[PDB]
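**Q** Sequence first, structure after, both from an experimental entry:
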Amino acid sequence: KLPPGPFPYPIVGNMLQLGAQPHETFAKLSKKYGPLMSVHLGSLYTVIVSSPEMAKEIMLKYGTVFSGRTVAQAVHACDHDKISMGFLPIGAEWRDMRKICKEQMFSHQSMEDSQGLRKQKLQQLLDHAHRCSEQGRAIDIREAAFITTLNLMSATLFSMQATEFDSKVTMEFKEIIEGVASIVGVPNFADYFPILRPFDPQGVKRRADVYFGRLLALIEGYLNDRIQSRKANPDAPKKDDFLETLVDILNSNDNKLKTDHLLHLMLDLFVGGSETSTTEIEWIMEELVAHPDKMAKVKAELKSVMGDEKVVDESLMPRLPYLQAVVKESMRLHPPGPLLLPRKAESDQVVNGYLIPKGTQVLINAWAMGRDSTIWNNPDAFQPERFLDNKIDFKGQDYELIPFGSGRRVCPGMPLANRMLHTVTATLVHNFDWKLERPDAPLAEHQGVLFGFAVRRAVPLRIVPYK
Ligand code: HEM
C-alpha cells in the first residue's frame, strides 16, 4: 500500500541504484514513480516527496504527524540526540526552545540589537578583502565566507571583540565544525544497517563525541565566565547577543529547561548557521560571477542605495529588492540542503491513498523542486528576474520554495540567515569587481555538487577582486 518505488534488492534494497550525488537521482526517479516515492536505503525505510502539493500534505496538513526527525549516529555523541532542539520529538523541552528561539533570540527586537555586533565583523572581512586586492591575491570564497560566518555567529552569540579576521577564537571553532562535517557528511552504515549500530564500525559516534566535547567545552567557558561577570556587576548592561538572553532565562527559571539544554542549543545554533551560510554564499558569489549580466544589476542597485557607505547595514534590506531575489534564486537553484533535514512519521498515516508507516524517514527533495520543469520554466538557468514582483518567499508558506523547510520545524535561523546571506554578499559585490581565478576551468567544477551536510561546489570558489 506504500508509495511506488524501484524493486528492493535483498538487504541493500535501493541503496546501490542511487549512484553518486543522490539528490539528482531521487529527482529523476520521481518522473517515473511519482512525487511520493519509496526507497529502501538498507533497512532504513524512506519516502521521497518531490512536489509542492505533497510537501503541503507532509509539512502542514498532516504536519503534526510528520513532525519527528530521523536521528543520525553521530548525533548520539555526547547525548546530543536527547538534548538538541533539532533532533528531539516535539515535546515540552522542544516547545520551550522554540518559543525562546522565535520570540526572543530571533525576533526583530533582538536582530536589530545585534545589528551593531555584526557590522564590525563585516569590516574585518572587507579590510581583509582589500588586503588580497593590493598584492592581487585570490580569495577563497568558501574559506572567507566560513571564517566570516563564525565571526558573525560568535558576535551574535558571544560578543567576541577580536581585532583579527582569523582570530584565535574563530579558528578553534573552524576546525571543530569542519571535523564534525567530515564525520556526518559521509555515510555511516550504522544508520542504514542496525545490527552494526552497537559496534560503530566506521567509528563515527566516537569521533563525533571528541569534537562535540570540544565544541561544548568552549561554549561552557563562555557561560561560566559570563555568570561571574553577571555576579560582579548586578546592573550589568544587557549585552545585545544571544548568550545574555540565555543567562536571563535560567536566572528567572520560568521555562522548563536545564543548563545542558542551552549549551547544546548554542551548538545547533553555531553549527547550523555556519556550514549552511558557508555553502549558500559560495553559490551566489559564483552565480553572479558566472552570469555577469546579473551582477551588473545588483551593483547598480547597490550603488543607488549605498551612496558612499561601504558596508551594508542589515536595515537596508527593503531597499534592495533585487538582492532579495538574487538570494531567492540561489535558494531555488542550489538549495544548501538538497534533501533538507530528515523528518519522521510519528504515526501510521495515509497520504494520497498510500500508507506511510510509522517511523518512515520522509526526505523532502528541495533540489528537484528547484529544477522541476513543471514549476519553474527554464529551471536550469540562473535568473533572479522571476522573483521580481513576486510574493513567492522561503518563509515556508510557498511550497514552491522550501530551502528553509516549513511545517512545525521551520528553520529558526531564517531572520539571521538572510541578513547574513545578503550583507556579506552585498559587501563583496558593491566594493569590488570579481573575475574567476581560472577562466579556462572545467565546467564540472562550476555548479558542482558535493553531497554531505550540504551540497556545495566541486572545487572551492576562488575569485579575485581587481578593483
Ligand atoms: C543559512 C541557511 C540555512 C538553511 C538553508 C537551513 C536549513 C534548515 C532546514 C531545511 C531545517 C529543517 C526544516 C524542516 O525540517 O522543515 C532547519 C532547521 C534548523 N535550523 Fe537551519 N538552516 C539555515 C541556517 C540556520 C541558522 C542561521 C541557524 C541558527 C542560528 C539554524 C539552526 C537551525 C535549527 C536549530 C533547526 C532545528 C529546528 C527544529 O528542529 O525545530 N539554521 N534548517
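**A** Thanks, I have it. Numbers count the residues shown, from 1 in each chain.

**Q** all contacts plus neighbour counts: C-alpha atoms, from now on.
**A** Will do.

**Q** neighbours of residue 360, just the number please.
**A** Per other C-alpha atoms under 10 Å, the neighbour tally for residue 360 reads 23.

**Q** I meant residue 167, not that one.
**A** Residue 167 is flanked by 14 other residues according to other C-alpha under 10 Å.

**Q** Backbone dihedrals for it, both of them.
**A** phi -70, psi 160 (degrees, to the nearest 10).

**Q** Look up how far residue 277 lies from it.
**A** Separation of residue 167 from residue 277 (C-alpha to C-alpha, to the nearest Å) stands at 19 Å.

**Q** Ok, residue 437 next?
**A** Relative to residue 277, and taking C-alpha to C-alpha, residue 437 is found at 22 Å.

**Q** Any residues of the chain in contact with the ligand? List them.
**A** Within the chain, the positions lying close to the ligand (C-alpha under 6 Å from any ligand atom) are 85-86, 268-269, 272-273, 276-277, 336, 340-341, 403-407, 409-413, 416-417.

**Q** Comparing residue 437 and residue 277, which shows the higher neighbour count?
**A** Of the pair residue 437 and residue 277, residue 277 is the one with more neighbours under other C-alpha under 10 Å, namely 24 against 16.

**Q** Next, the contact list for that one, please.
**A** Residue 277 is in contact with 145-146, 149, 417, 420-421, counting by C-alpha atoms under 8 Å, 6 or more residues apart in numbering.

**Q** mind redoing it with 10 Å?
**A** Listed by C-alpha atoms under 10 Å, 6 or more residues apart in numbering, the contact partners of residue 277 are 142, 145-146, 148-150, 283, 336, 417-418, 420-421, 424, 454.

**Q** Equivalent analysis for residue 353, please.
**A** For residue 353, the contact set (C-alpha under 10 Å, 6+ apart) comprises 1-3.

**Q** Apply 7 Å and report the result again.
**A** For residue 353, no contacting residues are found, by C-alpha atoms under 7 Å, 6 or more residues apart in numbering.

**Q** from now on call the first residue 26
**A** Sounds good: first residue 26 from here, last item residue 378.

**Q** Show the residue spans covered by the strands in the stretch 26-175 of the chain.
**A** Remark: strands assigned in the stretch 26-175 of the chain by DSSP state E, counting those that start in this stretch are 61-66, 69-74, 93-94, 164-165.

**Q** Make sure residue 455 is indeed in a helix.
**A** Yes. Judged by DSSP: H, G, I helix; E, B strand; the rest coil, residue 455 forms part of a helix.

**Q** and the most centrally placed residue in the chain, what helix or strand is that in?
**A** Central residue of the chain (C-alpha atoms, centre = their mean): residue 301, 3.2 Å from the mean position. Using DSSP states H and E, residue 301 maps to helix 285-307.

**Q** neighbours around residue 290, how many?
**A** Residue 290 has 20 neighbours, counted by other C-alpha under 10 Å.

**Q** Unless I'm misreading it, it sits right up against residue 109, doesn't it?
**A** Yes. Assessed by C-alpha atoms under 7 Å, residue 290 is found in contact with residue 109 at 6.0 Å.

**Q** Which stretches in the stretch 276-425 of the chain count as helices?
**A** For the stretch 276-425 of the chain, the helices defined by DSSP state H, counting those that start in this stretch cover 285-307, 309-315, 317-331, 346-358.

**Q** Save these as CSV, and put in distance to residue 238 too.
**A** Formatted as CSV, these follow (distance: least, C-alpha to C-alpha, whole Å):
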stretch, distance to residue 238
helix 285-307, 11
helix 309-315, 34
helix 317-331, 43
helix 346-358, 33
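
**Q** residues contacting the residue nearest to residue 396 when sequence neighbours are not counted?
**A** Closest residue to residue 396 apart from its sequence neighbours, by C-alpha to C-alpha, 6 or more residues apart in numbering: residue 404 at 4.9 Å. Residue 404 sits next to 396-398 when contact means C-alpha under 7 Å, 6+ apart.

**Q** Quick check: residue 404 vs residue 52, distance?
**A** Taking C-alpha to C-alpha as the measure, residue 404 and residue 52 are separated by 14 Å.

**Q** Residues contacting stretch 72-92, please?
**A** The contact list for stretch 72-92 (C-alpha under 7 Å, 6+ apart) reads 60-64, 115, 368-372, 385-390, 393-394, 424-425, 431-434.

**Q** let me fix that: stretch 287-298
**A** With contacts defined as C-alpha under 7 Å, 6+ apart, stretch 287-298 is touched by 105, 108-110, 178, 202, 241, 244-245.

**Q** Which one of these is nearest to the ligand?
**A** residue 110 (5.4 Å; C-alpha to the nearest ligand atom).

**Q** so how many other residues sit close to the closest one?
**A** Going by other C-alpha under 10 Å, the residues that sit close to residue 110 add up to 24.

**Q** before we move on, what about residue 408?
**A** 19.

**Q** Which residue, other than its chain neighbours, is closest to it?
**A** Nearest non-adjacent residue to residue 408, counting by C-alpha to C-alpha, 6+ apart: residue 354, 6.8 Å away.

**Q** Helix, strand, or coil at the residue nearest to residue 254 when sequence neighbours are not counted?
**A** Setting aside the residues directly before and after it, residue 254 is nearest to residue 261 in space (C-alpha to C-alpha, 6+ apart), at 7.9 Å. For residue 261, the assignment made with three-state DSSP gives coil.

**Q** how close does residue 261 get to the ligand?
**A** With distances taken as C-alpha to the nearest ligand atom, to the nearest Å, residue 261 is found 25 Å from the ligand.

**Q** Next: residue 397.
**A** As defined by C-alpha to the nearest ligand atom, residue 397 lies at a distance of 18 Å from the ligand.

**Q** buried set for stretch 211-221?
**A** Buried residues in stretch 211-221, counted by 16 or more other C-alpha atoms under 10 Å: 213-217.

**Q** List the contacts of that stretch.
**A** Applying C-alpha under 7 Å, 6+ apart, the contact partners of stretch 211-221 are 66-69, 97-98, 222, 225, 227, 477.

**Q** contacting residues around residue 113?
**A** Residue 113 makes contacts with 106-107, 119, as judged by C-alpha under 7 Å, 6+ apart.

**Q** can you redo those residues as CSV with neighbour count?
**A** Listed next are the contacts of residue 113 as CSV, based on neighbours: other C-alpha atoms under 10 Å:
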residue, neighbour count
106, 21
107, 17
119, 20
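
**Q** Keep only those of those that are in helices.
**A** residue 119 (DSSP state H).

**Q** re earlier: could you report the neighbour count for the residue nearest to residue 408?
**A** Neighbour count of residue 354, defined by other C-alpha under 10 Å: 23.

**Q** can you check residue 258 too?
**A** Using other C-alpha under 10 Å, the number of residues around residue 258 comes to 10.

**Q** Now residue 268: closest residue in space that isn't a chain neighbour?
**A** Closest residue to residue 268 apart from its sequence neighbours, by C-alpha to C-alpha, 6+ apart: residue 182 at 5.4 Å.

**Q** Next up, phi/psi of that neighbour, please.
**A** Note on residue 182: backbone dihedrals following degrees, to the nearest 10 are phi -100, psi -50.

**Q** That one contacts residue 267, doesn't it?
**A** Yes. Using C-alpha under 7 Å, residue 182 is in contact with residue 267, at 4.6 Å.
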